[PDB]
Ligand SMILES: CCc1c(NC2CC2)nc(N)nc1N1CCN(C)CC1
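Only one chain is shown below, in structure tokens, and it's the form deposited without the ligand.
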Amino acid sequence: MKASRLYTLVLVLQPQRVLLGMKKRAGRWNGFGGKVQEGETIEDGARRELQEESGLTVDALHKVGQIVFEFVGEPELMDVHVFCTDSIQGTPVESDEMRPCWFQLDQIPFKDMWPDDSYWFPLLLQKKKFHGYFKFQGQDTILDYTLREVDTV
């Protein structure tokens, strides 16, 4: 089994809308996140990346899933810990690398999101926790995947 590198992903999910960020430098909408750093808990890394990438703070996040990504031709797995919050402080801020935008929950831009999101995002919306794994060839093609609803992430 490959080694894995820890990443976070944060979905700001309100009753009627979700906040996503368009990768500028690319072209897909995503939640906010990045690599976990030495000496921080995963949840604190998720809060830090949300702030660094969107400007938003939150004192707390809820863990809702975990997704492992494997890319053909790459040595490591990405181990992505997925969090959500409904409660925000501040306005999101655009950067040179990310543009934040709200989407109504009947206009989730799945066609402009990574392909895996079509599978697990619906579970998140139903308040269901999940474990996933996706193997990609490049950015467009899934060769294998697993997904399961879990009671405990």
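All residue numbers are counted from 1 along the displayed sequence.
What comes next is about the form solved in complex with the ligand, which does not appear here.
**Q** Once the ligand is overlaid from its position in the entry with it bound by fitting the nearby C-alphas, are 3 or more of its atoms within 2.4 Å of backbone or C-beta here, so blocked, or is the site open?
**A** Site status open, zero atoms under the 2.4 Å cut.
**Q** In the entry with it bound, does each of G55, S95 and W102 have a heavy atom within 4.5 Å of the ligand?
**A** The answer is no; none of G55, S95 and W102 reaches the ligand.
**Q** Using 4.5 Å between non-hydrogen atoms, is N30 touching the ligand in the entry with it bound?
**A** Within the cut-off, so yes.
**Q** Is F136 close enough to the ligand in the entry with it bound to count, meaning some heavy atom within 4.5 Å?
**A** So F136 counts as contacting the ligand.
**Q** Can you check whether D116 is within 4.5 Å of the ligand in the entry with it bound, heavy atom basis?
**A** Answer yes; at least one heavy atom of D116 falls within 4.5 Å of the ligand in the entry with it bound.
**Q** Does anything in 54-88 come within 4.5 Å of the ligand in the entry with it bound by heavy atoms, and if so which residues, in order?
**A** Heavy-atom contacts within 4.5 Å come from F69, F71, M78, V80.
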